[PDB]
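Have a look at the structure below before the remarks.
Read the figures in this text as sums done on the coordinates, not as results from a lab. Note that each Cβ is placed from the backbone with ideal geometry, even for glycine, and that neighbours are counted across all protein chains shown.
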Amino acid sequence: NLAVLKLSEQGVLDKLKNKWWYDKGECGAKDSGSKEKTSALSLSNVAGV
Amino acid sequence: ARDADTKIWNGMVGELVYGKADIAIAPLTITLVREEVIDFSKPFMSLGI
Amino acid sequence: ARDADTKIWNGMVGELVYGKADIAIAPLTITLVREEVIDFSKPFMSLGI
Ligand SMILES: NS(=O)(=O)c1cc2c(cc1Cl)N[C@H]([C@H]1C[C@H]3C=C[C@@H]1C3)NS2(=O)=O
Ligand SMILES: NS(=O)(=O)c1cc2c(cc1Cl)N[C@H]([C@H]1C[C@H]3C=C[C@@H]1C3)NS2(=O)=O
């Protein structure tokens, strides 16, 4: 119980958490979704014209 | 968990209760009924259903 | 916090260290330097800086 707090306060937990969750980002689809309907148009929607 | 009507902890918690193991570093959720047979440290990683 | 060179814990710490107060249900943060003098239950509400 004493050791856990030292690891928590030194941030090794956050380091290991990033190491084993996010640094292995392979299928980085990264779709979140913003409701901001004032997003402009890209050229990629229009280039066919 | 405990068995129905017998109170026989199978699994890892039984490995702590029945003197077979020594410590369990594992993704293990602090519930109510696990406190009455074994001890937990402070929590290290937070989560939800 | 503790005093430099004399370890005089003031505030709500010394009220429990020096036998003054009996229990403290309050916004107190579990640290490393507080488990040595007093004890904490399991944490009940998460937060950050
Ligand atoms: N966001 S999380 O689950 O990965 C997470 C969760 C926790 C961490 C650290 C992290 Cl990174 N340390 C805390 C402890 C540290 C100190 C403060 C509360 C406890 C004592 N336990 S916790 O609140 O369970
Ligand atoms: N959503 S919250 O911050 O108010 C919050 C935070 C916490 C709650 C319950 C709530 Cl509602 N219980 C947990 C405890 C339950 C069990 C598991 C860890 C501790 C034991 N501590 S906690 O993680 O500090």
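Looking at A:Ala3, A:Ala29, A:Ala47, which one is within 14 Å of chain B (Cβ to nearest Cβ) and not hydroxyl-bearing (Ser, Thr, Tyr)? Quick ask: steps written out before the conclusion?
Values: A:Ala29 fails: within 14 Å of chain B (Cβ to nearest Cβ); A:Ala47 fails: within 14 Å of chain B (Cβ to nearest Cβ).
None of the other options fit; the residue is A:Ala3.
A quick yes/no check of all residues on (1) touching a residue at least 12 places away in the same chain (Cβ under 8 Å); (2) among the hydroxyl-bearing types (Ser, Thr, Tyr); (3) away from ligand 1 (no atom under 11 Å from the Cβ):
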{"site": "C:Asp3", "(1), (2), (3)": "no, no, yes"}
{"site": "C:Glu15", "(1), (2), (3)": "no, no, yes"}
{"site": "C:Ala24", "(1), (2), (3)": "yes, no, yes"}
{"site": "C:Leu32", "(1), (2), (3)": "no, no, no"}
{"site": "C:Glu36", "(1), (2), (3)": "no, no, yes"}
{"site": "C:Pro43", "(1), (2), (3)": "yes, no, no"}
{"site": "C:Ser46", "(1), (2), (3)": "no, yes, no"}
{"site": "C:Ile49", "(1), (2), (3)": "no, no, yes"}
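Assigned to a loop (DSSP other than H, G, I, E, B) and among the charged types (D, E, K, R): is that true of B:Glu15 in this structure? So B:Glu15 does not fit the description; no.
When A:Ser39 is tested against (1) more than 30 Å from B:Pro43 (Cα to Cα); (2) over 24 Å from the mean Cα position of the chain (by Cα), exactly one condition is not met: (2). For the range B:11-49, the set of residues classified as more than 16 Å from ligand 2 (Cβ to nearest atom), closer than 21 Å to A:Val4 by Cα and over 10 Å from the mean Cα position of the chain (by Cα) consists of B:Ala21, B:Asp22, B:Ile23, B:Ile25, listed by residue number.
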